[PDB]
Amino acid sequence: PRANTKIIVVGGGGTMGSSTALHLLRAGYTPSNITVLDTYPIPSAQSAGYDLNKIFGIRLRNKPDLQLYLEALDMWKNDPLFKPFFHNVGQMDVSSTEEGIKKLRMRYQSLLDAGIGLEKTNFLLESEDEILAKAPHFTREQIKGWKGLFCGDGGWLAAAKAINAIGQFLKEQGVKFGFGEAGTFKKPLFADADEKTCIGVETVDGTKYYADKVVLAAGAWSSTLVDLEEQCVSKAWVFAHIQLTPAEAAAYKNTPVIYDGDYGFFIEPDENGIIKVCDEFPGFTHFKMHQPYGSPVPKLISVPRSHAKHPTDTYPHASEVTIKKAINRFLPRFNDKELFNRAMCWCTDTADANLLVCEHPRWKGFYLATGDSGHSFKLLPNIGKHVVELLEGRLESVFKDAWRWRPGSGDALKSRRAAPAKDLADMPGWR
């Protein structure tokens, strides 16, 4: 029974972890029977969801994407917990190359082919007046030859504030927590030597926790903690910040997310006039030597870098150039603004960009909730519901099949992206 079942959530201070913790409580699980274990207190300061904002937008690259999007949209708009952090300003994809424009038109036609009537809230913009109509901060000279795709259900998400909102609820309900070395996963605990029955986890300080079921939602650290057999390759993307005065930020109030595949994107300034700018690239890996549990031999795994141990860290010099090019494209008036809060954000890719959400093949009672593939923060409100369904053996096949244990199903180093990720050991400047 739910009331008498104990669950351990590793990485419960992150996106998929806190979501799982939330839906356990909603399902009627006893709060004191739930134990969240994360290196950092929720919201985890090293979590990929520990950001000013993320983008919410429709994307149909896999079979479960449509239902996951519709589910999250419904909750981002109506759920009293998540609603205050969704800003529905829309999103616009632009391009001036013939291949980029070609790609816009195909993405638009892709939405139509779903047959649910997405053409009602998604429009192609073939004129310059149509573009300026939805994004008046551009100039007519700037957007000469641009074509646009406007998705109206889009917008951005107050990321860290949303995870923090879940955390406040968890603590207020009486969920037990473990931080620092007492919250840092080391290995699972087993009943016998055959290791076919998991009964808990041990942290790096030696502390042991016992429960009926364990959930591993360690994000980009998952493949370093347990042996995922190269199903997940962790990569880092980059962003920077610029600050506008209230008078400068005025022309961008309620502005749609602007995106161009050949440059990157930016989001409207927040409460403090801060604009974030990402670029567009396959990501950076960081292979460092590590022994994940389940592997008999120290493998070389892409491990996220610790900002705590490396304070001077920003990002490679190549990133500085591409971020400045993005700024020159979208916000040329601010080309003299200073960049600050340069940082790297870590995700983990699967081969087909589907999630990795499944019970461990051998470790019965041990479950995996990772494989975010750098596009899953949008699933914060609803992903935890399906993880619970997995634990109770009620996950529908459309999700269970795509999220299945699938080693040797392709190369996650390249994934669905344009190129294999380069490593930070070959990029100068970030250290």
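One-based numbering along the sequence shown.
Do the C-alpha atoms of 397-405 or of 66-74 have the higher average B factor in the entry?
-> 397-405 has the higher mean C-alpha B-factor.
Check the entry's C-alpha temperature factors for 291-299 and 310-318, then say which stretch has the higher mean.
-> Between 291-299 and 310-318, it is 291-299.
Can you pull the Cα B-factors for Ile58, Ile42, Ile383, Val36 from the entry and say which is highest?
-> The record points to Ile58.
Select one of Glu268, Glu98, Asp153, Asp212: the residue whose C-alpha shows the highest B-factor in the crystal structure entry.
-> The listed residue with the largest C-alpha B-factor is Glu98.
Report the third (lowest, middle or highest) to which the CA temperature factor of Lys161 belongs, ranking only the modelled residues of the same chain.
-> Its C-alpha B-factor, which the entry lists for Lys161, ranks in the lowest third among residues of this chain.
Pull the Cα B-factor of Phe366 out of the PDB entry and bin it into the chain's lowest, middle or highest third.
-> Middle third of the chain for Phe366's C-alpha B-factor.
Lowest, middle or highest third - CA B-factor, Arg329 = Middle third by C-alpha B-factor.
Ranked C-alpha temperature factor of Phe85 among modelled chain residues, by third = Answer is lowest: the recorded C-alpha B-factor places it there.
Determine, from the deposited record, the chain-internal third of the Cα B-factor for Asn254: lowest, middle or highest.
-> Answer is middle: the recorded C-alpha B-factor places it there.
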